[PDB]
Structures are given as C-alpha cells and as structure tokens.
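Chains as they are written, first to last, in the working numbering: chain A, 1 to 201; chain B, 1001 to 1212; chain C, 2001 to 2125. All residues carry an ideal CB built from backbone N, CA and C; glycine is no exception.
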Amino acid sequence: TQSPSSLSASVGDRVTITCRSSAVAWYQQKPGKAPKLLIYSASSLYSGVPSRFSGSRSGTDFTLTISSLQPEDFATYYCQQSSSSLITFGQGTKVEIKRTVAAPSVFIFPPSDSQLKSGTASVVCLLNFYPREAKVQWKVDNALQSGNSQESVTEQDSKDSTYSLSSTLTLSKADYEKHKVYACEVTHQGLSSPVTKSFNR
Amino acid sequence: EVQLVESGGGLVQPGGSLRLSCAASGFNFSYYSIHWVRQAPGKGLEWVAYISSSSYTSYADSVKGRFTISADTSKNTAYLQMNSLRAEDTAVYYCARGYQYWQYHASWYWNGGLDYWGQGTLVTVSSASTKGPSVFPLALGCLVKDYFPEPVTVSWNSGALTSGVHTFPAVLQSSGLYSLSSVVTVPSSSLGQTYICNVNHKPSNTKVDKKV
Amino acid sequence: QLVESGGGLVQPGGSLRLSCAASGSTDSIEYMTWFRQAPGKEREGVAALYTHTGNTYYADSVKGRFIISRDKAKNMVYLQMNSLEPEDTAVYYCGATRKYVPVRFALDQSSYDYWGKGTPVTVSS
Ligand SMILES: [Cl-]
Ligand SMILES: [Cl-]
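Spelled out as structure tokens, the structure:
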C-alpha cells in the first residue's frame, strides 16, 4: 500500500527495472486502466507483448529490461511474486518522460468575499514546471506554517511533459482576519533562488 | 473471448458490509482461479484473496478476519464478502484470472501470474454524506471545495477553453470532503471577455456556473 | 490420482522427459493424454495414447518433436520433449478418461474427466 517510485527516461533509452521469493511476473499499468501482464516465469514473454520487453534472473533478484524505450512504454511497472499462500505485488516503478528543466509560474489567490461568509477561508498557491521536486512554504505574517496546507500535482502533460502543483492553505474566518500578510515561498530545481508571491488581506 | 466483469461496488459506512461480484465468461470456470486485487487512490497494487472454484482459498493478513471469498460454479461468478469495512479499504477492486493450482505450481522458475484482468469497481468507505460543492472564484480559476463523493468535472465556457487548463486531482480534506482547484491562463488584454467555470456534480444533481 | 513430475527451466533446443504416475485401477482407462496451458491461451492437447492398443496421436504443433510412451510395468506415461522452443513454455498436465471418445476428439479438453495438478515447464531466452 505504498506509492510507486519514479524513473526519468527519454524515447530510445534502455531501462532495466530490478525487483526486490519465487519467480517474478511483471505487469504494466497505465493510469486509470487495468494492469496488463508482460513477463511471466521470470523470462517468458506474454502473448501480444512487443519483443523489446524481456525478463532475466540475476542471482537472487529479477530484472525487467526494455531494450529501446517507445512512446507508449511510459507507465507504471509492477513485479509480482507468490509465496506459499500469499501473492504480493512490488512497489512499482513509474517511468516518466525526461524534459529540460522548467521554472514554475507562481500565483496566489486570496479567498473571495463569497467564501468568508461561510466561516472558512482558503488561500490557493498555484505553481507548468519540471521536474516534480518542489517546496511550497506558507508564511503568515512571517510565521512558518506547517500541516494546514495540502498539495496536489497533476499528471505529466501529453504535449510539453510538465507538472502543475496547487497548495491550498485552510484557515477559519476568525484566524484569517487576525493576520495581514500571506505568502507562499516556492523552491524549485530550475530556480537559482526561491521565489515568493505574497498579498495583504 | 475471456471477459471479467466486476460489479457491486458503491458507498458504505465504516463498519458496514458489501458484497462484490466478478462475473466471468469465455472459459472453463473450474480450470482457473479468481483473485481480488485492490489499489488505493494513487498507490500500488495489493492482492486480497483468491479462490479455486475445491474451495482453495487464501487471504492477505490485512483482511483475514473480515473478508470472505466464495464462488458459484453454475453462474461462473466469484463473490467477495467484505465485513467491518474501514477507511483503509477504500480502493478500486479488480478481479483477475490465474492458474488453478498456483500454490502448487509456484517455484523458483515458474510464475504464470494473472493473465486476464477486469476494469474493476470502486468501493468507497466513508462516514460523510453526499453534499454539493461550493464554488468560489480565484491566471485565474475557481475553487471547488467541500463535496462528496467522487467525481466532479470542471469545464470553462461550456467546454470552449481546454488548451492550457489544469484541473487538479481532488484531495480528501480532514473533514471527509473533497476539494480541488481548476486554473487556466488567459491573455491579460482579454480580462476586461467573461470567464465562467462549469461545475457539475452528478451524485447530487448540482450544476453551478460562477463568473470570474 | 495422477502425479506429474519432472520439468523445469530448460534452454531452447534442449530435451526434457516428463513423468505421469498413476495409482489404483487403470485398466478401465481409455486414453492417457498430455495437455499444456500457457498464460492467456487455452488448454490444448499435445499427445494422446490409447491404452488398449498403444497407438499415439500428436498435435500439429508438436509433431516430430514430442514422443509419448507408457511403461505398463509401473503404470507411468512419459512425454519426451525434444527441440523445445520458447513457445512450448506452459504447465503440462496429465489427463485421463474412462469414458471413450473417437480419435477425432482425442485431443480435446472436454473428452477427459480426470486431471493431475500438472508440472510447469519454462523455456527461457
Ligand atoms: Cl478453457
Ligand atoms: Cl502460477
């Protein structure tokens, strides 16, 4: 019940995913659809699978190898083992597209007047960028916040292969009016120095 | 040819029960095994249980004392009885076909795995009640906050604006309600053309058009 | 019942001999047949043997490469597999029927009522 790992690669690269105790069956799953079987019995190819996929055993571990990566090969790959009575699925490796670094466009939004009447206020901090690693730090009158904000990252875009993040700071109307300055400090790989977008209540 | 159709999923209170159905067709039901594999929102695959039509059953240690799998050989359908459901069991439940004696065939050189999978069914375990969303205006956008359950679809100008639009995946707030934002970048010289985001919540019959 | 032994990881072009041990009354058995089932494919018959005469019947996919024989002293039917290709990778079951079917249907799964647990055979690259 864990989150898959990442692996950046471009079209035409050679990817070898290692699985970490019986034989390993490899599965490919695209987002929003059912998984598909690729390799069974360590190194036997399933029917209809392209010949670029291949499995191999290395001592005690098992590896899935894509000789030449293709555009339709970007998905999550799971390895499945079978014990005496329990079938277990691996962590899963999500192969993403590699792109030049891109800095995000930072935007901040104060809560609307139609929202303050409900009793709660939400401040949204908007971040297209690459890679996925980014830090969003909320500041309320130069007081570091933590725990009262949630992040949401979109999937890799189909045209430019970039990510989009949204951090929503949730506060009550009583606590929102008790302060003046609200800011979200963004730290990204493509930025030599952090960028801060702020506003006053 | 071979087809596996899941059904029975829905909404259930914490502590309730729900029976899932895996209607199989296109093969000899007695010569294979039917497994249940769930997948939490944004996480990996988790095997739950299996049955071999011989009552060869097995359960994962996380659903031992509250899940029960059965089958009906005359209907070619497998059943998964889930009792004492908790918030951790919220996932998309697939059923797949495997070898009949996979425990006996499992060795250091063989692992047939699961050949045919179904599109799965959604099972949501939450104590929250169905509630419509409250849209607030926010590059511009509109905030869709506090609604239940999934899903919701946001469009701009009745689907006219789709290039450069980002509708973020919903996140489960600590209060049990969903919330997401939909942003879109437009030229600055066209601010003073109107922009309307279209929010539709089918599990509650709520359509809201807010002008930004 | 029927117990399948042998089988394992074999390189392409090698040879492999499978064994099917039987116990109890086998005099009323009409056909002893090997079946194999690969992931995604349907269970197919490869080699059938008529116990009362000794005639063998092979499929077109395994003609000239597989040899089936019966050792009536120990009541064990063998499946000698030669020149294995990666397409032969499957679980090889041992089937038997006490109801009689013609030679036309001697390689169909529906003509056999008794099966063994089967042994897996992998042809790795
Ligand atoms: Cl069948
Ligand atoms: Cl298996």
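- In chain order, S41, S44 make up the part of chain A whose C-beta sits under 7 Å from the C-beta of C/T2122.
- A direct Cα-Cα distance of roughly 21 Å separates C/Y2092 from C/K2072.
- If the five residues before and after B/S1017 are omitted, its C-beta is found closer than 6 Å to the C-beta atoms of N1083, all from its own chain and listed in chain order.
- Contact annotation: in the segment 1173-1187 of chain B, residues whose CB is within less than 9 Å of a CB in chain A are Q1173, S1174, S1179, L1180, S1181, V1183, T1185.
- Relative to the non-hydrogen atoms of ligand 2, the Cβ of C/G2008 never comes closer than 7 Å to any of them.
- The chain-ordered list of residues whose CB is nearer than 7 Å to some heavy atom of ligand 1 reads B/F1027, B/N1028, B/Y1031, C/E2042, C/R2043, C/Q2109.
- With a threshold of 7 Å, the Cβ atom of A/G147 does not count as near ligand 2, since no heavy atom of the ligand is closer than that.
- Relative to ligand 2, the beta carbon of B/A1106 is positioned inside 7 Å of a heavy atom.
- Checking the 7 Å criterion, the Cβ of B/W1110 is within range of a heavy atom belonging to ligand 2.
- Relative to ligand 2, even the nearest heavy atom lies 7 Å or more away from the CB of B/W1047.
- The residues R1097, in chain order, have a CB closer than 7 Å to that of B/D1115 in the same chain once the five nearest residues on each side in sequence are set aside.
- Boundaries of the beta strand (DSSP E) harbouring B/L1018: 1018-1025, taken from the DSSP string.
- No Cβ of chain B is located within less than 8 Å of the beta carbon of C/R2036.
- For the pair of segments examined, the segment 2008-2023 of chain C was found not to touch the segment 1202-1210 of chain B: the number of CB pairs separated by less than 8 Å stays below three.
- For B/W1102, the shortest C-beta to heavy atom distance toward ligand 2 is below 7 Å.
- Among the residues of chain C, those whose CB is under 9 Å from the CB of B/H1105 are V2091, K2117, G2118, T2119, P2120, following chain order.
- When the alpha-carbon of B/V1012 is set against those of B/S1074, B/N1076, B/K1043, B/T1130, the nearest one is in B/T1130.
- A/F199 counts as exposed, since fewer than 16 other C-beta atoms from the protein chains shown sit within 10 angstroms of its C-beta.
- Of the other Cβ atoms in all chains shown, 16 or more fall within 10 Å of the Cβ of A/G90; this residue is therefore buried.
- For C/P2086, none of the residues of chain B pass the 7 Å Cβ criterion, the least Cβ distance being about 14 Å.
- Distance between B/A1040 and C/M2081, taken at the CA atoms: about 45 Å.
- Across the structure, B/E1088 and B/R1038 are spaced so that their CA atoms are roughly 11 Å apart.
- From the beta-carbon of A/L165, no residue of chain C is found nearer than 9 Å; the closest lies around 40 Å away.
- With contacts defined by Cβ atoms closer than 8 Å, C/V2046 and C/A2021 do not form a contacting pair.
- In the structure shown, the three-state DSSP call for C/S2111 is helix.
- The C-beta separation of A/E155 from A/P31 comes to about 6 Å, placing the pair in contact by the 8 Å criterion.
- Out of A/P50, A/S82, A/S47, the CA that lies nearest to the CA of A/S21 is found in A/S82.
- With contacts defined by Cβ atoms closer than 8 Å, A/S161 and A/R99 form a contacting pair.
- When C-beta distances to chain C are compared with 9 Å, every residue of the segment 1044-1063 of chain B stays at or above that value.
- A distance of 8 Å or more separates the beta carbons of A/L7 and A/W26.
- Taking a beta-carbon distance threshold of 8 Å, A/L37 counts as an interface residue toward chain C.
- Classified as buried, C/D2088 has 16 or more neighbouring CB atoms from the shown chains inside 10 Å of its CB.
- Only residues of its own chain outside the window of five on either side were considered, and among them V1135, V1199 have a CB closer than 6 Å to the CB of B/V1208, listed in chain order.
- Going by C-alpha positions, A/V123 is about 21 Å away from B/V1186.
- Across the set C/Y2057, C/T2122, C/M2076, C/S2110, the C-alpha of C/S2110 shows the shortest separation from the C-alpha of C/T2097.
- Collapsing the DSSP output to three states places C/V2103 in a helix.
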